[PDB]
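Only the coordinates and a few stated rules stand behind these numbers; no lab work does. Reconstructed Cβ throughout: ideal geometry from the backbone, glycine too, with neighbour counts over all protein chains shown.
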């Protein structure tokens, strides 16, 4: 109809285009920073995987309560999401994968208690229902271990008491700077898959264990759990 | 003026080309942030009152001060101030220089050295 | 289209269909600029139902057989009312919208759902 | 509106108010399309002060008492200058926007802030 | 610029040059937004050949002799076709890009590169 | 002698090489010249660690405790930031 309103609409769309370009460049810088940060952090995880393989091959006769395998009952989940939208709908993909997995679990007649660390999960996925012991949010970009310390610690403590048996984590898998996919993983029983490392090359002496024989392993196990959840969170941030 | 206008023209063009990045200032690196701050300073330097024409020498001194780093220290909102202050410190302590510049308009090494020394003296001693 | 002329059910079904279509029409800008994901679930349901309704309003004709070659169809009124009532009620949320194209009735839609 | 006619404080206050309003005018499209959360703190302060200023310009009239039932008001120039200077200084940031509506002066705003 | 009028090889070379230029244009924003890295070798070859073509498109003029002193050039079509076909083949993949700037023909390019 | 000595707490890597002698609390000072024998692991004390590479190059680093691993030709420290 009126030409002036059409011109105003054109100008508004031009301004929106400019601001969205600016946001694209900002996302580029942040993605590069997250990539370099996680690349820096990866060798520590590789070293700790090497050391856990080293110790499990050193003393395989003694197994902690996490090495347990009690019958499946009252499984758990870990959900990591974003604090804001405009993310191309990966959060909905993760939520739908988790909803189908938990539907299968309910078909197996097992109730679920899980921890949520993404703001979108607590703000939206909670609106329907679900028992949550840890609902941390607003962790921010590149948080610290102190920021996310007790959220999984209390859940692991509940696992130790026997109320929890299986603990799951789900996030987005970084495969290419343009493409990503959801992931499902199980971490609590620390089930071994590659145990042939260092068997063929020396290491027949192991360790004398002067301070403690097999007591110090619990601390490194909790450190390992923290490391895996932290790396999953940062991977999700980069994918976002 | 012909020698000195190109720098501010380039600064204004660079500020125009990127303006949406004002809110994400912490995100960009050092060079682009410096470009943003210089563009803001330059675009506030162009403000002027009414019935107050500027002579050739005043424009030359202001543009020379802006083209170097002497305008980086001052706060953005204080750019309108300190400009009249620098001009008023001149014309009373450097009257012959502006008389020569206004009458002739020539440009050489000596004029640049005198302008640099005057700006340095004003920045060192006076207040705005 | 008067509740005293056509009845109480007919008027309500027609009004609901028009309301759904009009609500879908107003969302043409957000989906154009932004993506599909930046909407509430209710808006997504409205969009899907409106697309299915748009497909379901098309049927083949006896006269237009020469142009295409498919035989013509004729639909009684009560079948149309039943089909639209079922569509708006909440069922037919699993049938793909490709099965609503030039089918005539609704049992034909159900039969065609297993082919395309 | 000239420094040599109305003075110095009046001109600065008016210019600053107009600048704040114009700056707030340019943030309509971004909030309309994108979420208000994705903004700097300065912009949020600007929009809050702009809303307070925008609804501080409304006062009841004596001859318009029949329309609304509220008694009229007559604010002197010094009171409005003082109120706008105080609002633009940075205070009055905790008072809700609703105290700035058909109130008259500024002491009346403070009084009304107790109830709503 | 169609094969019937100007022959086949001229058309092929022209479209190949335009395609390389278009690829460079569509890769420039990718280079700017992310970096020269994270790219394979064919794209880098395309970038280098596009830069060589961009430099080679320039040449001096007769009417600029009285200003610069460099002589003007009147390069014929054959030499241009030969040079661009050779550049697209990949023969001149080692010549520095500076030798292609404002030089004229192709043997002139070879001589200028040898001098450097 | 000593070839490598790595300590990683969260995301930070350190550089070593030809370490003359190392001082730490709760370990007896055996760290430094690598013994080349008796592999062992210890719970690291939160005391600061002094490193002396060679020719009196004294630089100081602080750690807040963790797990220390020592082995012939392989010395790795896994501490905690807090």
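Taking chain A as the reference, fit the longest principal axis to its C-alpha atoms, fit the long axis of helix A:3-58 to the helix C-alpha atoms, and give the angle between the two in degrees, 0 to 90, nearest 10. For helix A:3-58, the angle is close to 10 degrees. The calculated pair-distance distribution of the protein assembly as shown uses every alpha carbon pair, bins of 20 angstrom beginning at 0, and gives 10, 24, 34, 26, 7, 0 percent. Comparing mean-square fluctuations of A:226, A:111, A:212 from a GNM of chain A with C-alpha springs under 10 Å, the top value falls on A:212. Would you mind giving the mean number of other chain beta-carbons within 10 Å of the Cβ of each residue in B:18-30, as a whole number? Partner-chain Cβ atoms within 10 Å, mean over residues of B:18-30: 4. Measuring between their Cα centroids, the range E:75-116 and the range A:5-46 lie 41 Å from each other.
The rule of thumb for compact globular proteins, 2.2 N^0.38 Å, goes into the C-alpha radius of gyration of chain B 1.12 times. Remark: spin-label model distance residue B:100-residue B:76 equals 3.9 nm, labels positioned 7 Å along the Cα→Cβ axis. Placing a label point 7 Å from the Cα of residue E:32 along the Cα-to-Cβ direction, the residues of the range A:1-35 whose backbone N falls under 20 Å from that point are A:14-32. In this simple spin-label approximation, residue C:110 and residue E:1 carry label points 7 Å from Cα along the Cα→Cβ vector, and these lie 6.2 nm apart. Among B:98, A:155, the ranking by other beta carbons within 10 Å of each residue's beta carbon, starting with the fewest, stands as B:98, A:155.
Of all chain D residues, the one whose Cβ lies closest to the rotation axis that maps D onto E, given with that distance rounded to whole Å, is D:33, 10. In peptide A:38-48, how many Cβ atoms from other protein chains are near each Cβ within 10 Å, on average? Neighbouring Cβ atoms belonging to other protein chains average 3 per residue here. Helix A:150-160 and the long axis of chain A differ in direction by around 40°, with both axes built from C-alpha atoms. DSSP finds beta bridges in the protein assembly as shown, and of those with both partners inside it, around 70 percent are antiparallel. Evaluating kT/(6 pi eta Rh) at 25 °C and 0.890 mPa s, with the Kirkwood radius of the range A:60-207 over Cα pairs in the Stokes-Einstein relation, gives 141 µm² s⁻¹.
Peptide packing for A:90-102, A:181-193 was compared via the average number of neighbouring C-beta atoms within 10 Å per residue; ordered from the highest value, the list is A:90-102, A:181-193.
For chain B, averaging the sequence separation of C-alpha pairs within contact (under 8 Å, six or more residues apart) and dividing by the residue count gives a relative contact order of 27 percent.
Over the range A:74-143, the Kirkwood radius and the radius of gyration, each from Cα atoms, give a ratio Rg/Rh of 0.98.
Inter-copy label distances at residue C:37, using a point 7 Å along Cα-to-Cβ, come to 1.5, 2.7 nm with the shortest given first. Here is how far apart the residue D:6 label points are across copies: 6.2, 6.7 nm, shortest first, using a point 7 Å from Cα toward Cβ. The slack in the chain from residue A:107 to residue A:27, taken as 0.36 nm per residue of separation less the alpha-carbon distance, amounts to 24.7 nm. Peptide A:19-31 has a mean of 5 when you count, residue by residue, the C-beta atoms of other protein chains within 10 Å of its C-beta. Peptides B:100-106, C:53-59 ranked from most to least packed by the mean count of surrounding Cβ atoms within 10 Å: C:53-59, B:100-106.
Protection proxy ranking for A:59-72, A:13-26, using the average of other Cβ atoms within 10 Å per residue and placing the highest first: A:13-26, A:59-72. Given the options B:14, B:59, B:50, which has the most mean-square fluctuation in a GNM of chain B, springs set between C-alpha atoms less than 10 angstrom apart? Its mean-square fluctuation being the largest, the pick is B:50. Normalised by the residues of chain A, what does the relative contact order come to in percent, with Cα pairs under 8 Å and at least six apart? So the answer I get is 25 percent.
Shown for residue D:70: label points 7 Å from Cα along the beta-carbon vector, and their distances to the equivalent points in the other copies, 6.4, 7.7 nm in ascending order. Compute the helix-to-body angle for A:217-239: its Cα long axis versus the longest principal axis of chain A, expressed 0 to 90° and rounded to tens. Its long axis makes an angle of about 20 degrees.
Evaluated on chain F, the Kirkwood hydrodynamic radius is 12.6 Å, with distances taken between all distinct Cα atoms. When you restrict to C-alpha pairs under 8 Å that are six or more residues apart and normalise by the size of chain F, the relative contact order lands at 32 percent.
Extending 7 Å from the Cα toward the beta-carbon at both residue B:92 and residue A:128 defines two label points whose distance is 7.7 nm. Per residue, the convex hull spanned by the Cα atoms of chain C measures out at 139 cubic angstrom. Need one number: the % of Cα-Cα pairs in the range A:1-129 sitting beyond the 17 Å mark. That fraction is 77 percent. Of interest is the spacing of the C-alpha centroids, which for the range F:1-68 and the range A:66-133 amounts to 43 Å.
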